[PDB]
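Visitor: What would the 3D arrangement of this be:
(one chain, ligands or ions: 1)
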Amino acid sequence: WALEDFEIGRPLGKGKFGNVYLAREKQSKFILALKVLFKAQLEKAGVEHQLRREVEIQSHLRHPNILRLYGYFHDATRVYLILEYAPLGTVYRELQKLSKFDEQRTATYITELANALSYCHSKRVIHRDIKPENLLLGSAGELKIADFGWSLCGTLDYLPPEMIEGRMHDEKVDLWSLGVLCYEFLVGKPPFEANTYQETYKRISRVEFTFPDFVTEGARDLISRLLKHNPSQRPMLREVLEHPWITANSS
Ligand SMILES: Nc1ncnc2c1ncn2[C@@H]1O[C@H](CO)[C@@H](O)[C@H]1O
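Guide: Numbers count the residues shown, from 1 in each chain. Right below this line is the structure:
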């Protein structure tokens, strides 16, 4: 491709590294989104290596609930990412507007996500980023994950013990990362949010989390079944999809 192959639109967002204005291939008159990343930035931080990788990975990653990555090119100074356009914005935002999601929307979201993760695990790719910020919304309020470069302990809030503890972790993490989310969904905030980075592992690794006077108990267990110190003690994919909670409020 070529930067001339498309018509640029307003800036969808911002980025320390690069930008990403609305786009449109001039042929298809088709709407897009071009995540252009700078050089100097992909260079000011050994990440040229961190690129190509995900690049080649999403660059195949064909799933509804996985923001597709049509193509990529790159000129002297910069590089460009040609990707699926997600109109309804970020769940984070959606999540900061309605305070907390209901049960249909949050359970359903979780099952959407799960499968996106299934097709992932199958094709052996353990994501690791997922949280409101790296999850987008399509035409039908459908979900889309987008794990790439870009620009409140939120940093840790999401990580699983096995990692913040520097230990070894594998596939079993996407389940933990899947617990939190479902929680922050039904609540408004993560389950391990606390003032200091310190006062957090304390709650994360120690797995110190409480429920508000209302969350269904069917959650209270689907979740307690999604967050556990022991990575091998957690439900594999199926289970949630097959959990008494997903099914029912969902889809
Ligand atoms: N494909 C996309 N669909 C919708 N919004 C997007 C897309 N890519 C990036 N954005 C927006 O651009 C911002 C910067 O990446 C994000 O916070 C998000 O709002």
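Visitor: all contacts plus neighbour counts: C-alpha atoms, from now on.
Guide: Will do.
Visitor: tell me which element the residue lying farthest from the centre of the chain is part of?
Guide: Residue farthest from the centre of the chain, counting by Cα atoms, centre = their mean, is residue 27 at 31.3 Å. Take DSSP states H and E as the rule and residue 27 turns out to sit in neither a helix nor a strand.
Visitor: Next, count neighbours for residue 125.
Guide: Residue 125: 17 surrounding residues under other Cα atoms under 10 Å.
Visitor: got the contact list for it?
Guide: Neighbour list for residue 125: empty [criterion: Cα atoms under 8 Å, 6 or more residues apart in numbering].
Visitor: mind listing the helices for the chain?
Guide: 39-43, 50-58, 91-97, 104-122, 161-164, 173-187, 198-204, 217-224, 237-241 (DSSP state H).
Visitor: Could you list every helix and strand in contact with the fourth one?
Guide: Using 3 or more Cα pairs under 8 Å, 6 or more residues apart in numbering; DSSP states H and E as the contact test, the elements touching helix 104-122 are strand 143-145, helix 173-187, helix 237-241.
Visitor: Measure how that helix sits relative to helix 217-224, angle-wise.
Guide: Relative orientation of helix 104-122 versus helix 217-224 (axes from the mean of the first three to the mean of the last three Cα atoms, to 10 degrees): 30 degrees.
Visitor: ok so, going back, quick one: residues contacting the residue farthest from the centre of the chain.
Guide: residue 5.
Visitor: how close does residue 140 get to residue 86?
Guide: 10 Å (Cα to Cα, to the nearest Å).
Visitor: okay, these two: which has more neighbours?
Guide: Neighbours per residue (other Cα under 10 Å) separate residue 140 from residue 86, with residue 86 holding more: 19 against 8.
Visitor: so who does the more buried one touch?
Guide: 67, 136-139, 144.
Visitor: Can you flag which of these belong to strands?
Guide: Among these, the ones falling in strands (DSSP state E) are 136-137, 144.
Visitor: For the protein, what lies in contact range of the ligand?
Guide: 12-14, 33, 83-87, 89-90 (Cα under 6 Å from any ligand atom).
Visitor: So if we follow the domain assignment, how does this protein break up?
Guide: As assigned by curated CATH domains, the chain contains the domains 1-89, 90-250.
Visitor: you'd agree residue 1 is up against residue 79?
Guide: No: counting by Cα atoms under 8 Å, residue 1 stays clear of residue 79, with 11.5 Å between them.
Visitor: Just want to know which of the two has more residues nearby.
Guide: Neighbours were counted for residue 1 and for residue 79 using other Cα under 10 Å; residue 79 has more, 18 against 12.
Visitor: Touching, the more buried one and residue 73? I think so.
Guide: Yes: the pair residue 79 and residue 73 qualifies as a contact (Cα under 8 Å) at a distance of 6.1 Å.
Visitor: Can you tell me which of the residues of the chain next to the ligand are buried?
Guide: Burial by neighbour count, judged by 16 or more other Cα atoms under 10 Å, picks out 12, 33, 83-86, 89-90 from those.
Visitor: if we take those residues, which one ends up nearest to residue 166?
Guide: When these are ranked by distance to residue 166 (Cα to Cα), residue 90 comes first, at 29.6 Å.
Visitor: Show me what the closest one bridges to in the sheet.
Guide: In this structure, residue 90 bridges to residue 136 when assessed by DSSP bridges.
Visitor: contacting residues around it?
Guide: With Cα under 8 Å, 6+ apart, residue 90 has these contacts: 132-137.
Visitor: Alright, that wraps it up for me.
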